[PDB]
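Which chain is which? They are A, B, C, D, E, F, G, H and I, in the order written, and residues in each are numbered from 1.
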C-alpha cells in the first residue's frame, strides 16, 4: 500500500490544479 | 441449411409437448390435429415450431403465402378506400359523405375492388396515380 | 417587454384590439387597406404575451405577431 | 377543467393507496385459515406490522410478493388476469 | 439592476426567480451572450475545452488515486476471479452497526464500495502491478490536469488568444488530429504495450527505470530497419501462458493470432499492439492528406465542389448543386461541427459497447460479469445521449445557423426540399416495426396464456445467423464463406483464422452469441426504437426553421414554449420538442436493448440459456423471468431481518423510482396551476405575522414551460439511469459476487 | 470507522468539509453573488 | 387575367394553401397592397383550440398568384 | 345467474364451490379461462357478489332469476318508453 | 328515410364492418383452427 506521507504529498500536488482552476474560472468569467 | 433447427417429427422435445396440446375448439381431437399439422415445421430445442423467413420454397407457407394474401387484401382495402375518396371529390359536397358514408357507391367500389393490382398498374403507367410535386401543398422550409 | 409587430397583410378587422386584454393595441389610419386602418402597439410594455391577438387574426399567417422577449413585472402579470 | 384533470391523477393515487392498505391489512391481519388449535394462520403472515412502515416493504412484501400469482397465471385458469 | 447573470442583460432586469434558473441554463450558450463576437466566442470555447479536459484528467486522477489509496490492488492481482475490486472507502456519519457490518466487504476492515467500473482489469492489463505505479499515475494525471488548466488560462490572455483564422483552419486541424492525436497517440500506446504491458504480462517488470535497459524483443530494432518484420512474430505466446508471470510466455511482441487468451478470456496484448501499430500507420498516412503550408495536399472545398455527379452519369444531377456551399456552412457553424462530432462519438461509443463485451481486451474481465454489465449499459446510455445531442445540434444549426442563400440547391438544401418525405417514410417504417413487433409479442402472450406456446410465431433470424456463419460459426450449418474450410476466404492467407475460428465456435465467451426467435423480436423492437427516435429527431431538425402551422419558427429561436392556444393549439412545436420527446424514446430504446443484453447474458452466465430462449418470445416472460425474478435479491437488500451489501442498491432503486415519478409531476401538470398555487402561497407569506418581515428580493413564480419540460425530463432521465443501474448491479452482483 | 488504508483520519475531515462546510460556503457566496444589485 | 371565379394557385410560402388552388371571390380596384380575395375549399388552422371551424379566405397580391 | 351459472350448485355447497356466472366460448384457446369451480361446472369465477345477494334475497332456484331477468327487460323497455 | 342516413354514418358502418370482420375471423378459427402456417 501507499504511505501516509504520499497522501499529503498528493494533496499539496492537487493544490496546483486547485489554484489554476480558480485562475481559469475567473478569467473565463471575464 | 439450419442444422440447429430440427424437424418437429424428428425432434424429441416436440413429441413430449405434442401429447399435451390442449383443445382450442369444441372439437375433441383439435389438439391431435394441431400436433399433426405442426409436425411439418421446424422445431428448436424448446419443442416449438419455428418459421424461416427468406422466401425459400418448402418454407414459403410460413411467410410468402400469408404475405401475398395480406398484400392482396390490404391492397383491396387501400384501393377501395382511395377509389371512394377520389369519387367523392368532384361533386361539391364532400365532407357530408365523408362523415356519412354513401353506401351504394361504397358497395360498387368494394365488390369491384378485387381487380386492384390491374387498376393500380393502369394508374401507375397512366400517371394518374401519383400527383406531381408542383400541384401539391408543401410546408415552408 | 414583448414585441408586438403588425405586418402589412392586415385587413383592419379590429379583432386583435378587441381580443387584447391589456390595451396594448389600437387602430391607426392606414391608406394601404380596404378598411382604412391598421393595428399598432404603442404601449407594448404592458404586453403579457397571451397571444389572444394572434388567436383572433383572420389572415393565413398572422399579420399581428407577438415575440416574447425580456420579462418584467408587467410581462409576468404579477399582482405581487 | 384542468384541475379535474389533475384531481383524477390524485384520486388514482389516493384510492390506490386505500385499496393497497385494505388488500394488505386484511390479508395479513384478518383473512386466513383457522388451525384446529385455534390460532389463525393469515395469508401473508402478519407482515403489515413490520413491512408496511417502509416503501421497500410495500414494494417487496406487497407488490413484488403478491404479484407472484398474476405473473405465474399463464397456462392456467387465471391467465386472463395476467 | 442585478449583476447576475452578467452575460445576459435581458435576464438581469428580470425581477422574478426565472432570472436565476435561466442564468444557470444559458451560461454555456455563448452565442446568445450580450456583446459576444465570433472571435471571443471561439476563444471562450477553446478555454472551456481546456477546463473540461482538466476535469476529465482530475476525474481519472481521482479514480486511480482511490484504487491506489483505499482500494485493494495488491490483493486483487493475486486472485482476480475471486477478490472483489474496491473503488473507495465509505465514510458515512449515518451508518448504524448493520450497515458498517454489511459494507465491510472484499477483505477490508472498513466500509468500502465494490468497484464496478472495472478499472482494476484495465490497470492489470496495461501493466500496473502495485499501488505505487497507480500513485505515480495519479500524480502524473494531476500534473497533466494542472498543465491543461494553465494552458486554458494562457489562451485567454490577449498575447496568446488565437485569431479567428486559426480556429477555422480546418486543414491543419485535421492533419494534426489524424497524424498526431490519432496516429502519434496510437503509436505511443503501441510503444507502451510492447515496452510495458506485454513484458509485464510475461512476468518481466519494466518500470521507468528499466525501459532503457530491458529490450522488448531479443532482436531489438534490427528486423525493423532491414525489413524482415516476421522476427517479431516468430515465437508467440503459448496457450498455456499464465498472465502476469513468466511460465508459458513467448517472446514475440507483435503476434497476429486473432483469438482469445485461454486464461484471461481476452484478446492478446501482442494482438492489441499489432492492431494499434497498424492503425497508427494508417492514421499518420491519413493525416498527410490536407494541404497546410507546403503546397502538396488537399483542400476540402475543392473536394466538396468536385463531388457532384455530372450530366451523362447514370444518376445525373440528382444531388442538384452537389456539395458547394459546404466548408463554409460547416466551418462557420459550430453547431454543425458539434452535431457531426456527437454523431460520430455516439456511433463509436455504441461500437465500444458492442465490442468490449464480445471482444474483451482486459485480463479476467469476461469473468467479472457485473463489470461487463455496468460497462455495456454505461456506454450504450452515453451513446444514446450523444446521438440525441447530435440531432439536437442539427436542429440548432437549422434554426440559427442555416443560410439558404449559401446552401442553394445543394445536398443540404435538397434535404429540406423533401424534408417531410423523409418524415412520412420514417413514420411508415416506425409504424411498420411497431404494429408487427407488438402484434407478435401480444400474439405470443395470448397463446402462451391460453396454454398453447406452440402457436407462437417464432421466427429464426436467418439473416443474422447467416452473418454469424459467414464470420465462421459452424453451429447453424450454412457452410458459407468461413464455415466451410474450402471457401475462397477460408483458403486464403488469413492467419487470424486459427484463433478466430475456435474463438467463435466455443460457447465459453460472449463472441457471436447464439441467437434464436427471442432475438429476432427484440432486434425488431430495437429497430423500432432507433427508427422512432430518429423520427422525432429528424422531424424536429427538419421542421426547425418552420412549417405549415408555424412558418416563422426561426424567429423565436431553438427553444420556445409555444405560440399560444391559437391556430388550434401549439404545445411542443419548438425544435426543442424533438430533443424533449426523443429523450423518452432514446431511454425506452436503451432500456429495451439493455434489458436484452442483461437477460441474455444472465442466461449465459447462470448457465441456463433456455430461460431467455423460451421466455423472451412473449412479454410476460420478460416481465416475470427478468424483472420480477432478478429483483428478488435487489429488494431484499434491506428487510426487517437485517441489511445486506445491496442495501445501497435497494435504496438507489427506490430513489430512482421516486425521482422518475417526480418527473411525472413536471411533465403532466403544467404551469398555470402552479402559478395560481404560488400566488396563494405568496399571499399567505405576506399576510402572516412574523414571517412578512422576511421579504424575497425576487418574486417567486412558477417554473416556465420549457424549464419544467427540462426539469421533468431531467428527473425522468436521472431516475431512469439510477433505478436501472441499481437493478443491473444488484441483480448481477447478488448472484455473481 | 477508520480504515486500514494510509491516513485514515482524512475521510473524517474532508467528507464533512466537502459535504457540509464548503457547500454552505458555496451557497452563501453564490447567494450573495446572484442577489446583489448593480 | 385575375377575375372573379378564376381558379388560381397561391405563391405565398407561409400560407396554409401554398401551391394549392382556390377561387377568386373579389378583386379590389383601389390602391391596396393585397386586393385579390381568394376563397379555398380547405380551412386554415385559425381558431382557438378545440374549434371545429376555421377561415378559408384571404387577401393576396397579384405577384403572389398564378392563373391555372 | 339463471342460465350460465352454478347458483343451484352453489346453494347446495357454498363452502367449497366458487361462484361462477360466465362461461367462455371455445373458439380459440380461451377454453382454459373456464375455471374448475365445483359441481361439474366450468366458467369464470365471478367476484361481484351476486350469488350471496341472491342467497340473502331468498332466491333458491334459477327460475326465480329468469323471472327477474324478464322483469328487468320489461322495466328497461318501460323506462325507454317513459 | 332518415334512419338509413343514420345507418350510413361512419360509426354505425365501422361497427358493422368490424363485427362482420371479427365474425368472419372467429367463424374461420372455429372451423379451421390452429393455422400457424400454410402447409
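In the analysis below, contacts are C-beta pairs under 8 Å (C-beta built on N, C-alpha and C of every residue); 3 or more make two chains touch, one makes a residue touch a chain.
The chain with its C-alpha centre at the largest distance from the centre of chain D is G. Comparing the chain pairs B-G and C-G, the larger number of C-beta pairs in contact belongs to C-G.
If you average the Cα atoms of chain C and of chain I, the two centres end up 54 Å apart. Taking each chain's centre as the mean of its C-alpha atoms, chain G lies 66 Å from chain H.
Here the spacing of chain G and chain I, counted between their Cα centres, is 44 Å. Listed for chain G are residues 13-14, 16-17, 46-48, each touching two or more other chains. Those residues of chain C in touch with two or more other chains are numbered 55, 57, 61.
In chain E, 69, 450-453, 455, 457, 546, 548, 551-552, 565-567 are the positions where the chain touches two or more neighbouring chains simultaneously. Interface residues of chain D, counted against chain H in their complex, comprise 75-80.
Across the complex, chain B meets chain G through its residues 134-141.
Interface residues of chain F, counted against chain E in their complex, comprise 1-6, 8, 11-12, 15-16, 33-38. Of all residues in chain C, those touching chain E in their complex are 50-52, 54-57, 61, 65-73, 76, 78-80. Those residues of chain C that touch chain G in the shared complex are 8-9, 11, 31-34, 55, 57-61.
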